[PDB]
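Listed below are the residues making up each chain.
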Amino acid sequence: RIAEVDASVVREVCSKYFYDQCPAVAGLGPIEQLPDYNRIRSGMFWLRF
Amino acid sequence: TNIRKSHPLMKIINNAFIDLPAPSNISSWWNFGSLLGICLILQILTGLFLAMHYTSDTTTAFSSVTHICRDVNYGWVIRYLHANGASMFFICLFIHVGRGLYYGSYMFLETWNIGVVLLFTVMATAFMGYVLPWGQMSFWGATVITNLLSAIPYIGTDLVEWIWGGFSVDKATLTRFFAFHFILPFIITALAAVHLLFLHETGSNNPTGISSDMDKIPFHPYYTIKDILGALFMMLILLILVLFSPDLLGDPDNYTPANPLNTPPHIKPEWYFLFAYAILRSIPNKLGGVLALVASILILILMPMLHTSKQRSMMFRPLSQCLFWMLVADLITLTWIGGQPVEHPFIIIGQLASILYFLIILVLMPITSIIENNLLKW
Amino acid sequence: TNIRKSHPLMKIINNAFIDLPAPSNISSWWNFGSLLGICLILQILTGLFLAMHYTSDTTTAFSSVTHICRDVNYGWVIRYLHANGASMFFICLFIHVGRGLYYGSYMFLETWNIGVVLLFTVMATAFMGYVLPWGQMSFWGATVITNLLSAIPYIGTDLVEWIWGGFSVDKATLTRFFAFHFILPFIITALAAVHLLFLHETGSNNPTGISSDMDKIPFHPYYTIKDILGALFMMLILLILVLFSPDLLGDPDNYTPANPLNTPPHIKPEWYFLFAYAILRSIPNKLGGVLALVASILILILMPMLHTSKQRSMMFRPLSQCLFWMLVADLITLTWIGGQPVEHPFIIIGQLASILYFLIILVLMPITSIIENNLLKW
Amino acid sequence: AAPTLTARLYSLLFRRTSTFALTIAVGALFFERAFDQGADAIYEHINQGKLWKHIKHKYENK
Amino acid sequence: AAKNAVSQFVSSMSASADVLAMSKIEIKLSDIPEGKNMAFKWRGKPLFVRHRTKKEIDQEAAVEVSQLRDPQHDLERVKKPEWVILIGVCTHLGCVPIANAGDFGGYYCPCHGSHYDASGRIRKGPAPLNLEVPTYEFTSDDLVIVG
Amino acid sequence: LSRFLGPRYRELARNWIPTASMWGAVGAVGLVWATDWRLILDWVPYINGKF
Amino acid sequence: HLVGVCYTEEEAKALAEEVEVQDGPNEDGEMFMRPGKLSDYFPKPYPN
Amino acid sequence: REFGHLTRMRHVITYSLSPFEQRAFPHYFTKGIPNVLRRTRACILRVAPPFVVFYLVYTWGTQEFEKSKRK
Ligand code: HEM
Ligand code: HEM
Ligand code: HEM
Ligand code: HEM
Ligand SMILES: Cc1cc(C)c2nc(SCc3c(C)cccc3-n3nnn(C)c3=O)sc2c1
Ligand SMILES: Cc1cc(C)c2nc(SCc3c(C)cccc3-n3nnn(C)c3=O)sc2c1
Ligand SMILES: Cc1cc(C)c2nc(SCc3c(C)cccc3-n3nnn(C)c3=O)sc2c1
Ligand SMILES: Cc1cc(C)c2nc(SCc3c(C)cccc3-n3nnn(C)c3=O)sc2c1
Ligand code: FES
């Protein structure tokens with residue numbers, strides 16, 4: 001099952017699970033510079049592609 | 001490499017507009033600062049179009065303005081954008097000053113004192129532009145100011161025969177009115193950059209008056225989207241005036257060309273100069289009239305040292321809020337009186353309301369804040 | 001405390017001009033950057049005077065320029081300041097570029113690439129202003145450019161009947177030439193501020209090419225007094241031209257008004273456009289002519305990647321210095337040929353010197369630096 | 001749990017952000033096809049028999 | 001924020017005329033008698049109208065086909081033999097001469113040795129191509145819409 | 001030079017020519033909207049923008 | 001200004017014809033006279 | 001880039017004198033003349049020979065434009 005994996009399988013399965021998804025976040029202090037949830041959620045989409 | 005934090009130009013943009021810490025409870029009374037910056041850019045671009053077709057000569061000044069409204073393509077929409085965009089500038093400016101007075105924003109001392117300078121420079125700019133079309137209000141508006149400007153005791157008559165070119169009224173007369181009016185909006189722009197540089201040292205005030213360093217949010221995206229929405233709602237209202245009522249705020253008497261011979265039935269300035277005109281005509285003197293006109297803008301600079309309350313804003317002060325809207329309802333009275341003729345009822349009402357404008361700011365407000373301190377036991 | 005280091009405005013002035021670390025061995029070839037900034041401010045103030053009395057109409061353009069030299073008070077000194085101040089700008093600009101090329105200053109990549117943009121924008125500005133007086137070189141200079149600007153293959157003839165107002169030359173023709181010429185010097189100012197912001201990241205180069213952090217001195221007082229002295233010596237030379245020879249650099253044929261029916265005996269541009277004109281007339285084509293004119297300014301942007309020497313400046317490279325002044329003596333040849341008529345000796349000399357301008361920069365300079373590396377064993 | 005038709009375009013094009021900034025250009029089309037059917041036709045209907053091109057058939061008879 | 005805020009700002013200064021019915025709309029009269037080219041101040045440079053005589057045709061057709069390096073003849077551009085329309089700029093630089101001077105009946109350019117003909121021909125160097133002919137449509141009987 | 005040549009440089013160019021022709025074709029159709037490019041305005045005649 | 005508002009272009013030249021106007025100076029003449037050219041403003045009614 | 005953060009240096013000493021302790025012109029035309037004769041002798045053979053080539057082309061160029069005319 002490991003020998004079947006190639007670069008196009010990895011490129012496909014990561015887009016299914018990561019690409020425009022809402023994540024869950026937890027933080028324990030000192031966390032004043034932990035970025036806003038809108039700024040985290042915008043980091044899931046891209047600029048060029 | 002985050003290029004937003006290491007590039008020499010992108011650092012300045014990121015510190016000023018993107019990652020700036022801002023309070024979370026900012027109202028839409030805090031929208032009118034960027035509305036003023038939109039109104040200034042609009043007046044500059046539209047004014048640079050009108051200046052390629054205007055002629056500053058008292059025989060062809062009125063005729064070059066009728067030519068652009070009839071001959072030049074899209075000249076009628078650009079001319080009435082400029083006249084109505086100036087009323088839009090002055091209504092946002094009066095909201096802006098009344099905000100900073102109610103919430104106590106004058107405690108930012110360097111930001112408040114650059115603002116009082118900016119208020120003088122836009123009032124002088126708008127006066128010069130209303131002389132340039134040369135109808136019968138541009139004529140009888142120019143002479144009322146400059147015979148009031150000959151009552152300066154030692155250099156007064158030196159300064160009145162400088163602005164007309166040296167003569168009484170001629171062609172070279174409106175070259176000096178036009179050149180002042182060209183240059184001053186670009187100094188207003190430089191003073192507004194310094195204005196925001198001093199505010200960047202503290203950040204903003206908020207409606208409670210209480211410091212908010214434990215509750216900041218980034219400026220993008222929360223106030224980038226809230227300021228775009230307020231600007232679109234302002235371009236809607238401006239175009240309702242340009243396209244459905246372009247002559248509602250003006251006066252019909254400025255469609256007659258200037259004539260020292262004929263006679264205008266009344267003297268009425270624009271609506272945003274009518275409050276100052278009512279204070280002038282209540283002083284039977286011409287040195288004490290120009291003094292009380294300049295002292296009604298310069299009284300704003302005494303607001304930091306007249307503050308005797310323990311709290312910063314008026315949100316929790318109910319007696320100071322009755323006096324704040326007595327002052328707004330007194331500037332409405334002085335706008336109405338300034339457009340009336342000088343007879344018996346409108347002569348005592350006009351001077352009893354010029355006294356009340358100085359009695360509220362200088363006497364009744366600092367005494368009322370001390371009574372409130374004593375009812376809370378400080 | 002020290003108010004030079006804690007005030008919000010005075011901090012910026014102190015970091016940029018007072019406490020700035022500078023090399024100690026800076027020559028007077030480094031004077032010409034602030035001379036360019038003096039020449040730009042001078043052209044702006046003088047040009048804003050001429051624009052209140054100029055008329056952009058092909059029946060009254062030549063007559064409004066003779067009026068200011070005869071009727072308006074101090075109009076003759078201000079007009080010849082403007083024409084001679086533009087020759088002063090272009091001679092300081094050619095010294096400035098030749099400095100950065102000899103001492104290897106193009107290695108500051110963001111500073112060099114903003115500079116090549118600034119070189120295009122001042123050349124286009126000076127072209128539009130020489131059309132405005134509308135004598136017989138403003139006419140035959142405008143048509144030579146815009147029939148060469150109809151040899152752009154797909155959008156060319158679209159762009160030639162836009163700048164004349166739609167037409168041939170009429171009253172609305174020089175309103176677009178005038179409005180471009182008004183606006184571009186204020187964009188040049190904004191690009192020169194960004195230009196210095198990127199240089200503040202490294203500081204200056206010096207005549208040896210070697211870094212000098214161990215030998216810095218403060219900018220005040222050592223280069224504040226050295227730059228004031230060079231500016232006074234430049235205002236002396238400019239006034240020798242305005243007051244003792246104001247027509248030395250111009251052409252007499254521009255004192256005849258523009259006439260499509262009459263005939264000028266020769267076509268000669270200003271002296272600082274004569275080198276580009278000689279490269280044009282050596283290409284028997286009109287697409288390959290406008291290409292080789294634009295490729296003679298755009299070849300400056302390839303200087304960072306054509307550098308094959310181990311050292312930064314030309315101070316210790318004696319074979320690269322013979323090639324540097326072969327290139328200067330080739331731009332003098334192309335200035336002379338550009339003011340001659342098109343006959344037999346000046347037609348082969350003109351094209352054998354257009355080849356040598358590209359052969360030195362692209363081929364002979366990168367090969368000579370490799371021979372020098374090999375004689376030093378790197 | 002049958003949902004409503006929200007996700008027409010969440011997956012294919014408006015996810016790669018390409019068509020999110022392209023819809024100002026690619027998405028510039030066919031609404032100046034569609035709003036002559038509005039403003040122009042409402043304008044000539046409120047003013048019927050009052051404009052020039054209504055009445056110009058009289059003196060245009062050559 | 002794009003289709004009407006950049007897309008409509010050209011005409012104040014662009015293709016659309018400000019005088020509308022002006023000169024290519026006019027009723028051109030005999031605004032010059034037979035045999036001269038006098039200047040007029042419309043379409044920028046003077047369009048030169050000329051009353052064309054009975055034997056200026058055989059000045060234009062006696063010249064054969066070989067060494068005039070640009071073939072554009074007078075039976076093809078202007079629809080009537082007794083009518084012509086000219087524009088006042090040369091092809092390379094932009095000169096036109098003082099009226100009624102030339103060797104065989106054209107306009108002799110005193111720059112460096114050129115001579116344009118009457119109906120838009122060039123015999124000389126270093127002029128690359130022929131004369132600009134203006135846009136036209138002879139619709140009427142005698143009220144001239146040239147353009 | 002050979003500092004940029006390799007199997008990895010045009011690797012990510014073959015991944016970016018779809019992000020390239022989209023760099024180019026959008027700017028190519030962006031150049032008609034700006035300056036009212038009238039010989040490609042009726043390339044497709046459904047845009048009768050000029051009145 | 002009346003073409004497309006209440007008149008066509010013909011019916012507008014032929015109304016400018018109806019009053020002849022006072023044009024400017026030329027050689028072999030004087031300031032001469034001529035009918036309306038359709039570029040003329042409405043003719044004024046008192047010498048000064 | 002401010003002054004106490006530029007580089008690292010050890011074991012060098014600098015001696016300097018006040019401007020009010022000094023003469024304005026110690027040597028002006030007794031070192032100013034032989035020092036510019038050293039700096040001129042170093043540059044001349046790199047700078048001058050290209051401009052001697054522009055002179056010989058100007059002189060030949062404006063001598064085949066005169067004799068083209070009048071035989
Ligand atoms: C052309 C004129 C002006 C421009 C462009 C301008 C612009 C701005 C902007 C963008 C802000 C920040 C956002 C906001 O709070 O609205 C601001 C804040 C402020 N302005 Fe102005 N302003 C002008 C005139 C004035 C005047 C006339 C005054 C007072 C006399 C003034 C005093 C203030 C104060 C005190 C603040 C901070 C308020 C707070 O944070 O609570 N400004 N200005
Ligand atoms: C803060 C900015 C400005 C304000 C408040 C302002 C205000 C005015 C006003 C009230 C008028 C009278 C118009 C009328 O009632 O008919 C006017 C006219 C005029 N303004 Fe402005 N103006 C501003 C900026 C400018 C600028 C920057 C320029 C030129 C570069 C300009 C050029 C003109 C011209 C040429 C006129 C005369 C033409 C006309 O009357 O329409 N204005 N201005
Ligand atoms: C209006 C045009 C310009 C202005 C006002 C200007 C201004 C300045 C100033 C004040 C300096 C610093 C002092 C100095 O070294 O002289 C400087 C440096 C420099 N400039 Fe310019 N400049 C202009 C055009 C250009 C052009 C056309 C180029 C090159 C193509 C250029 C390239 C450079 C470089 C490379 C430096 C740094 C040189 C070094 O430190 O060795 N600039 N400029
Ligand atoms: C980098 C800045 C500038 C350069 C290099 C430049 C160059 C020139 C030149 C070469 C002329 C032709 C003058 C002659 O030979 O008779 C001219 C004319 C003129 N320029 Fe400028 N100019 C500059 C800035 C400005 C500015 C900023 C303005 C206006 C605000 C201006 C306004 C005028 C006017 C009105 C003329 C009228 C024709 C005349 O006076 O001769 N110029 N300019
Ligand atoms: C749409 C739009 C875009 C831009 C780019 C923009 N920029 C401002 S100015 C930001 C600012 C600075 C620079 C310094 C100190 C305080 C504030 N600031 N803080 N709160 N508020 C309401 C403020 O304006 S508004 C606005 C609106
Ligand atoms: C600081 C300041 C400066 C000035 C100079 C100023 N002037 C006035 S009142 C001028 C006026 C009159 C008396 C009569 C008719 C018309 C106008 N008038 N002139 N321009 N505009 C827009 C007008 O309404 S308040 C004021 C305040
Ligand atoms: C008389 C006078 C006055 C002033 C105010 C002035 N200002 C300059 S620009 C200074 C500069 C900056 C801002 C940034 C990076 C490098 C340099 N810099 N470093 N060396 N040199 C010769 C430089 O110009 S020259 C000049 C002359
Ligand atoms: C980047 C750039 C742009 C332009 C547009 C440009 N143009 C020329 S040559 C123009 C010219 C001719 C052919 C004949 C007579 C006079 C003038 N002429 N026009 N203005 N000035 C100061 C002149 O000398 S090089 C150049 C370089
Ligand atoms: S220059 Fe026009 S004919 Fe030779």
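Residues numbered from 1 in each chain as written, not as in the entry; some residues may be left out. Chains lettered and ligands numbered in written order. Part of a larger assembly, values for the part shown. Heavy atoms only, no water.

- Per the PDB record, this model was obtained through cryo-EM at a reported resolution of 2.44 Å.

- The name that the PDB entry assigns to chain G is Cytochrome c1, heme protein, mitochondrial, with the source organism given as Sus scrofa.
- For this structure, the PDB entry title reads "Cryo-EM structure of YF23694-bound porcine bc1 complex".

- Under the PDB entry, the name given to chain B is Cytochrome b, and the organism recorded is Sus scrofa.
- The Subcellular location (unreviewed entry) field of the UniProt record for chain B holds the comment "Mitochondrion inner membrane".
- Taken from UniProt, the Sequence similarities (unreviewed entry) comment for chain B reads in full: "Belongs to the cytochrome b family." (UniProt positions renumbered as here; feature names shortened; annotations may be inferred.)

### Remarks on the coordination of the iron atom of ligand 4
All names here are of chain C.
In step 1: For the iron atom of ligand 4, the protein coordination sphere consists of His82 (NE2) and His181 (NE2), at 2.6 Å.
In step 2: Of note is the iron atom of ligand 4, whose 6 donor atoms meet at the metal with angles of 81 to 174° in an arrangement that counts as octahedral. You can see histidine 82 sitting in helix α5 (residues 75-102) and its partner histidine 181 sitting in helix α9 (residues 174-199), a full 99 residues away along the chain. (Donors = N, O, S within 2.8 Å, 3.2 Å for Na, K, Ca; no water. Tetrahedral: all angles 85-135°; square planar, octahedral: opposite > 155°, others 65-115°. Helix = DSSP H or I, 4+ residues; strand = E, 2+ residues; numbered from the N terminus.)

### Quick look at the interface of chain E and chain C
In step 1: Of the residues lining the interface, 25 residues belong to chain E; the matching set on chain C comes to 26 residues.
In step 2: Here chain E and chain C share an interface that buries about 2,000 Å² over both sides, 58% of which is from carbon and sulfur atoms.
In step 3: Summed over the shared surface of chain E and chain C, the number is 0 salt bridges.
In step 4: The tally of links between chain E and chain C comes to 7 residue pairs in polar contact.
In step 5: The residue makeup of the side of chain E that touches chain C, split by class, is 15 nonpolar, 7 polar and 3 charged. (Contact = heavy atoms within 4.5 Å. Buried area = accessible area lost by both parts, 1.4 Å probe. Salt bridge = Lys/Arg side-chain N within 4 Å of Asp/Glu carboxyl O. Polar contact = N/O pair within 3.5 Å; in protein donor to acceptor, adjacent residues only side chain to side chain. Nonpolar A, V, L, I, M, F, W, Y, C, P; charged D, E, K, R; others polar.)

### A closer look at the site of ligand 1
Residues and elements named next belong to chain B.
In step 1: Around ligand 1 sit 17 residues, and of these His96, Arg99, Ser105, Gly115 and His195 come closest.
In step 2: Contact between ligand 1 and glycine 33: an oxygen atom at 3.3 Å from a main-chain N or O atom of the residue.
In step 3: In this structure, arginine 99 approaches ligand 1 through a side-chain N or O atom, which is 3.0 Å from an oxygen atom.
In step 4: Of all the secondary structure elements, the ones that give two or more residues to the shell around ligand 1 are α3 (32-50), α5 (75-102), α6 (109-129) and α9 (174-199).
In step 5: Within the shell around ligand 1, the residues separate by chemical class into 9 nonpolar, 7 polar and 1 charged. (Near = heavy atom within 4 Å.)

### Section: the pattern of salt bridges
In step 1: Across all of its chains, the model carries 16 salt bridges over all chains by this definition.
In step 2: One salt bridge in this structure joins B:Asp19 and B:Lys5, with 3.7 Å as the shortest N-O distance. In this pair, B:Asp19 sits in the loop between α2 (10-18) and β1 (21-23) while B:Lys5 sits in helix α1 (residues 3-6), placing the two residues 14 residues apart along the sequence.
In step 3: For C:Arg4, the salt bridge goes to C:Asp19, with nearest N and O atoms at 3.5 Å. With C:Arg4 in helix α1 (residues 3-6) and C:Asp19 in the loop between α2 (10-18) and β1 (21-23), this pair connects stretches of sequence that are 15 residues apart.
In step 4: On the basis of relative accessibility, which here comes to 28%, the residue C:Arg4 falls in the partly exposed class.
In step 5: For C:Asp19, a relative accessible area of 29% puts it in the partly exposed group.
In step 6: Here the salt bridges share partners, and the residues they tie into one network are A:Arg39, B:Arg4, B:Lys5 and B:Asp19. (Buried < 20%, exposed > 50% of the residue type's maximum accessible area, 1.4 Å probe, protein only.)

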